[PDB]
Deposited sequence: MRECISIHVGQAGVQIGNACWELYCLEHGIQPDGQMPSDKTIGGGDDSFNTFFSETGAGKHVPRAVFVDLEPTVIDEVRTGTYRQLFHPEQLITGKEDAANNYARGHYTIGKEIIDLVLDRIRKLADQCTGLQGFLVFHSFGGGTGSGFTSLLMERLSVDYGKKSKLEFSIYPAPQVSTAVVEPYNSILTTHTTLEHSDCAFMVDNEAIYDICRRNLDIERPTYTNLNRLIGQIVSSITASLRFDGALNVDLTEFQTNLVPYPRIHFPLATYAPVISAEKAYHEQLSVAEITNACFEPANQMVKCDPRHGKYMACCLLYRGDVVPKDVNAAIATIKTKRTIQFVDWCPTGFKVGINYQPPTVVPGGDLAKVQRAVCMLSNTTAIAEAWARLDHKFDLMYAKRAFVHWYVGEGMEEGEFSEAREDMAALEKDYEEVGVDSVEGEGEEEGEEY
């Protein structure tokens, strides 16, 4: 009944996919063959992410899309090669090459009808589709440009359905490409107009948590992507397990987005800890909530003390009881460091779910009795954009790469157009924070 469709775009999307679907298989007891041995029926919990074949083989409701065959071919060949349906792993021949115009205007149009055709088949299998979960990077040509095209098309075919959007935003300082500002700014329109709720994370924040909370000196993408998977598991837990106070995706959106234009929450997850440190701490309900409001534990390099909270969604898992959630929230409301906007006097949505977190073998996290995932809509996010407008204005003042984009069938008026869209959005975020 309550299905979700996952869409994994580009190298970042595909490689996050590997971490997500490893987790979901283990969380439901599905082997990498797709067999469940515990069917000695009456378990529906898998049905959000998997569909059952009459042979007893469970097939992900996923689509993986890339304009290059290198990242997908590993999936076609590794441990999970039997899990995915062969036609869900769509691939092209040549990457957008970090150029948004290739992903959007020239290369993307070659493969888009295959992706849209496959999404029909998955949506027809559903009977109560909650929405689409999209994973991509801002900085890439395929993640930026092809996703831009894809969500504009999905908006026409499925205008009612929620599109949620997890994305890798560029870090403040570390970077991997030089054209990273142009793609990011040009992306903004589709996150502004075609996404119902967008969660941004940047890699420089997550490198920080893996160093001071997991004691890992040299984390790779495999460590980061495992943290992202735990967030998505928690948002969808109330679709999959029993709980005292289950939150649906529709109900989740109603309590975070106060205006249609203002839909950019920060994600945070707690506790993140090594098992060597979990030995010296009690992970009580109060303790884990305080850790969600620390600036050092945010997944974007922005400081919430420089802005105002509009609304917060707290999702708790495991050995948690309402008596202590009430005690924890009451404490937070007393701290003058944490300032809510005056026009939002009841700033919390709470969810409690009985199933505790699973842990992947050989992963970094501890086995824990309980956890909390927090989603928070805050005026402090506007500083992350201003810090990236600067890089765009700096380069663009002298056309530094524009011939690459205009030669691929863009026209240069989009550069100022997109930069003005970002200006308008930043001006809205600063004024909605003003007290009445």
{"property": "Deposited-sequence ranges lacking C-alpha coordinates, in sequence order", "result": "41-43, 440-451"}
